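My questions all concern the structure below.
Order of the sequence lines fixes the chain letters, A, B, ..., with proteins taken first and strands second; residue numbering starts at 1 for each chain. All values below come from the heavy atoms of this structure, side chains included, with hydrogens, waters and symmetry mates left out.
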Amino acid sequence: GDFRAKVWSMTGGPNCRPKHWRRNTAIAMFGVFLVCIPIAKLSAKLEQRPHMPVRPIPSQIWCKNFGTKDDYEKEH
Amino acid sequence: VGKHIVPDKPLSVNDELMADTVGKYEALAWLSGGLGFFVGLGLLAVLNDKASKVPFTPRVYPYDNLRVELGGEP
Amino acid sequence: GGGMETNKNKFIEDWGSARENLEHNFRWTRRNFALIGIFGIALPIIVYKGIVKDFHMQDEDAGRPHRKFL
Amino acid sequence: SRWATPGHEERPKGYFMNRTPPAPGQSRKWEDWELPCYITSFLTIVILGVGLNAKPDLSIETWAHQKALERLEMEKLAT
Amino acid sequence: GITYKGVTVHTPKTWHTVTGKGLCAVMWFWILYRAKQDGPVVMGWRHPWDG
Amino acid sequence: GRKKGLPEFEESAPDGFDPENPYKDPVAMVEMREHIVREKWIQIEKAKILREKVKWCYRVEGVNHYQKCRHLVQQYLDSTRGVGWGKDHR
Amino acid sequence: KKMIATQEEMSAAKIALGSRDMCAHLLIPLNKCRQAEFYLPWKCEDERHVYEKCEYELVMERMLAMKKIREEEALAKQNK
Amino acid sequence: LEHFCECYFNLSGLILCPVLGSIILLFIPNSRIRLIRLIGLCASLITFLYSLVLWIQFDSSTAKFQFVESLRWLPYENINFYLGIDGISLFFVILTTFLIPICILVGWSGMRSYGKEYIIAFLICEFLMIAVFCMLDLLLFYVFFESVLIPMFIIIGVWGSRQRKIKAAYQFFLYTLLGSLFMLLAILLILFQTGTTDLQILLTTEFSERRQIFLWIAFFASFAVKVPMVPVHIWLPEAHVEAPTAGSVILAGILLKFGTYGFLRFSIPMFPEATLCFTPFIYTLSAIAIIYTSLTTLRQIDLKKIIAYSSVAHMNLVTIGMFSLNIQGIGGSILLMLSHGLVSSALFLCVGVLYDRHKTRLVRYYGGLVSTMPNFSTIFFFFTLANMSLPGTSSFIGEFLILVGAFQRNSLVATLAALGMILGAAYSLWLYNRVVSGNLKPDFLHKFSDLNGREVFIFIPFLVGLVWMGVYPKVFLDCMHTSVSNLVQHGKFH
């Protein structure tokens, strides 16, 4: 309204219409995609698939932990 | 919103904390009856004894009712 | 019009001060005697014996005698 | 129109931490507490970030894990 | 839209009317289709392996 | 200064500990208390190593875990009874 | 009706313990068809129809066994 | 026996730092306010860094006391005192050294009227509180604990907001002094038996069950006042409400920890047989305090009273954990103690933010604040959640571990203690909503300012610490388990 224009907030307050919201939205897109890259690499490193799939699956492209926990009487 | 009421009379206790047409104990009696319907229905289920009119014999599984497959001594 | 301090309300402040000064109102009435007896004495003793009984029921589950407590 | 016409906020509403911006071309004056506190904050992350990851692992859990591995090895190969 | 004495009613968008009629028609057909394929089965008239 | 590597401790119980009167050799009393703590932690890790085995057998064998891991479950459940400082004494 | 699928075949087929009954020898072809065909209902109608008939046969058999037992509860009452 | 240490960073230098700061600030004129502020803040910050270094060189495989250094009193060497820490006291030293600079920063704006007396009082408090936590002697522990009463009395009485501070300071002083007097009697009775007050020797001496029971009662009389346990907890709401903000932070975040610390350092290990006998008694008192004081909190109308009363229920849950006498219970009790000193301290900082501006503690005046102070509202909500023991926050780790340890001993006390999950949620969210949510009331408050740069920075280490313990408590539990394990095993040989 009137006084809310003098109030700072992280989410922008009411009816937030930043003028350059498109370049900021696209810059925000890139940050998430750059954040996602280490996450995906760590995920692929950490996944454990003790069973071979019935058909080839997209996670056989980057994951190398298929059919590994066969020796279970050795896990510590 | 519009204009918050500023008190003009000495505030009493139990004001920090301060269902219209039906009384307190009358509501408890009506709810008690409603829950007494489930009680009577459940008793009727015992009186029915559906377990005694089963139209098939209990499943029997092979290999001693799968004794080994269920974690028993092999 | 002036300052960030709250505009005091005499009725709200009176409610505030009467809360802080409740100990001047205690009178030792019948209701208080029942309330203090039930929730100051009877209920803690019930909780105490329930906790002891819980230990003791464990003792006879382990084939052990009843453990002594103060 | 909400996707094809840019917004109207030339500058965001309010000021971050409610401090008026300094005069154009000027830089904000740091209060006297900022520098010692931002140096303590920096040294805190460096000591804990490096020291905790550089001190040796001497937990009773890590020592017993290794100890328990050899005893289960030593009772398995031997009968 | 059409005005009848003060109160005006706006006609709905054409594709709203088309999709509504079409989706329910797809639904009515799928019901008639299914009822003729496995309707006797749920009535108990025949069994799936009958043949 | 401290040398690199895992901590080193005596394998055997202290010599000088009379279990009849534990409060007669105090230096041995303390050393027995530390030795028992270390011994108890070894059995705790034993059950955790045994627990990792049960976990992956369930994950690897699926519907066949009751027959295939019967032995591992028995071993884990025996190791956890009387483990650490839980609901069992000795 | 006699047991066909040995214990090893059921375990290798990873059959749920509740479906390791007399009709297990027909479930194995059915589930292999089901996985290969992404479990669509218009597929494997042949293996599905065969296996369902076996399971229908089993339940009727136990239903008839009770049909008998129920005819002897009254015999005891009619002679008591 | 000069048991001096070989480490470079030791406990004597840490104890000396704030003392040097106070001595220097003694002689600076009150016109040099900038210099006084800077010197006090720098002394406290260097003490914090020094304690962090002590963390870095900590050895987590030993159950012995670490960094042990001896300090001699008489050249006869009959009475000689030792300092040292283990996994049970290290983080409390760290917490003290961290909270003191916060206390200085909170009163930064008013420092032109507080004067050097305020900083000196807090720096003197720091020296005594660090020392109390570093003592390996019953007698020195006693003497240093009472020393804090003088500066705490001064802090409450001089810089309290209104004249109820008179009564509050009196009650605080008198209750605490009574408790410390019963501890003195037990220390002198122990000294009659053993001829010593050295803690390490006491941990190796045998007591009779009769005298174990009696000495335990004498320790309880002091510690239960410190904790505080019912019905000797009524001094707390007055003292913690009437104190200045930094005073409340010190009172709730550090001073409250002294009774539970005394239970872990003296009563529980030194008298194992009596501790078992009084376990139903402690369980009953804690359970009553949790249920009853949580319900009183619900009916409080003062902002600082709700936070003060919440502290009582959290501390009695700590006592259930430590008297469970297992790894989870004692481990959880120490983590909740540390978490409470961050969460309740942050909460007292939120209320002080509101009070410094509007000068009222009554909930009825506030409300609607999210529309004028969204930054404060977000920070206030986070510490509101941490006070409800929300999973992911530091307080949930200690809370659940204590309930685990209690369940393995007595399922009834763990059940009554778990009722605080429902009650603690009720008063925390009701408080937050009545202050932040709703509509503004311009007839009471119409002029508003959100947090400034100093207040936001003050809240940062509290958010980081709360998150850091809530998601990865392993960095703390690893350094504790060896000391915790030997505390549990103390007095048994099977």
Side-chain angles (χ1 to χ4, degrees), chain F residues 1-52 54-55 73 76-90, chain H residues 5-8 56-67 86-87 194 196 198-208 212 269-270 272-273 276 324-331 401 404-411 414 478 481-494:
Chain F
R2 147 183 286 274
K3 183 169 71 172
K4 188 163 30 92
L6 225 66
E8 259 308 308
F9 300 105
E10 260 326 278
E11 285 183 343
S12 303
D15 255 333
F17 190 66
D18 199 17
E20 193 240 297
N21 64 34
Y23 279 96
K24 185 77 179 313
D25 203 315
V27 168
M29 167 215 297
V30 177
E31 311 323 85
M32 198 49 104
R33 188 201 73 221
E34 324 263 333
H35 175 90
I36 292 161
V37 161
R38 283 182 246 120
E39 223 61 26
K40 285 184 175 202
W41 271 104
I42 292 164
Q43 296 194 336
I44 287 147
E45 301 290 299
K46 186 200 306 186
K48 295 143 67 35
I49 285 160
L50 287 196
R51 170 169 70 203
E52 250 276 296
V54 168
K55 166 185 321 198
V73 170
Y76 166 74
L77 279 196
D78 283 42
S79 78
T80 55
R81 78 209 271 122
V83 81
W85 296 262
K87 217 167 123 185
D88 281 15
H89 300 291
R90 181 36 155 155
Chain H
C5 193
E6 299 101 4
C7 284
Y8 308 66
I56 281 327
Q57 38 173 64
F58 188 76
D59 169 32
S60 70
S61 69
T62 172
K64 274 79 199 213
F65 289 113
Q66 306 177 44
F67 317 133
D86 55 57
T194 72
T196 195
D198 178 275
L199 171 67
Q200 300 193 66
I201 303 309
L202 278 311
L203 294 181
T204 69
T205 316
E206 63 185 342
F207 288 102
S208 64
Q212 255 176 75
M270 256 158 50
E273 280 104 295
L276 245 71
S324 287
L325 264 305
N326 36 17
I327 311 293
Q328 295 88 28
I330 281 139
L401 275 185
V404 165
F407 201 91
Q408 301 185 10
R409 305 273 280 81
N410 209 279
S411 92
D478 275 353
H481 273 154
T482 309
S483 295
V484 163
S485 290
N486 272 94
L487 166 71
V488 176
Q489 185 70 40
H490 201 96
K492 336 184 55 193
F493 302 98
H494 55 247

Legend entry - Donor-acceptor pair between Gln328(H) and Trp85(F) side chains, under 3.5 angstrom: no
Legend entry - Interatomic spacing from NZ in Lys87(F) to CZ in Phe407(H) - rounded to 0.5 Å: 7.5 Å
Legend entry - Heavy-atom contact with chain H under 4.5 Å, split by part of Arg2(F): side chain
Legend entry - Best-contacting candidate, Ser61(H), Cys7(H), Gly329(H), against chain F by heavy atom pairs under 4.5 angstrom: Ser61(H)
Legend entry - Shortest non-hydrogen separation from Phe493(H) to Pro22(F) and the atoms involved: CE1-CB, 3.4 Å
Inset, instruction - May I ask you to check whether over 12 heavy atoms, not counting those of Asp15(F), lie within 6.0 Å of atom CG? - result: no
Legend entry - Rounded distance (nearest 0.5 Å) linking atom CE of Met32(F) with atom NE2 of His494(H): 13.5 Å
Inset, instruction - Go through the atoms of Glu31(F) and report whether side chain, backbone, both or neither lie under 4.5 Å from a heavy atom of chain H. - result: side chain
Legend entry - When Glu6(H), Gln57(H), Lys64(H) are compared by non-hydrogen pairs under 4.5 Å with chain F, the top option: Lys64(H)
Inset, instruction - Look at atom CZ of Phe207(H) and say whether more than 12 heavy atoms of other residues, nucleotides or ligands are closer to it than 6.0 Å. - result: yes
Legend entry - Pick from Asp59(H), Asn486(H), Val488(H), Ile327(H) with the largest number of heavy-atom pairs that fall under 4.5 Å of chain F: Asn486(H)
Legend entry - Aromatic ring pairing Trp41(F)/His481(H), orientation class (parallel under 30°, perpendicular over 60°, tilted between): tilted
Inset, instruction - Kindly compute the distance separating OG1 (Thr482(H)) from CD (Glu34(F)), expressed to the nearest 0.5 Å. - result: 9.5 Å
Inset, instruction - Examine whether an atom of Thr205(H) lies under 4.5 Å from a heavy atom of chain F, and if so say whether it belongs to the side chain, the backbone or both; otherwise answer neither. - result: backbone
Legend entry - chain F contact via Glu206(H) - which portion, at a heavy-atom distance below 4.5 Å: both
Legend entry - Short side-chain to backbone donor-acceptor contact, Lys492(H) and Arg33(F), under 3.5 Å: no
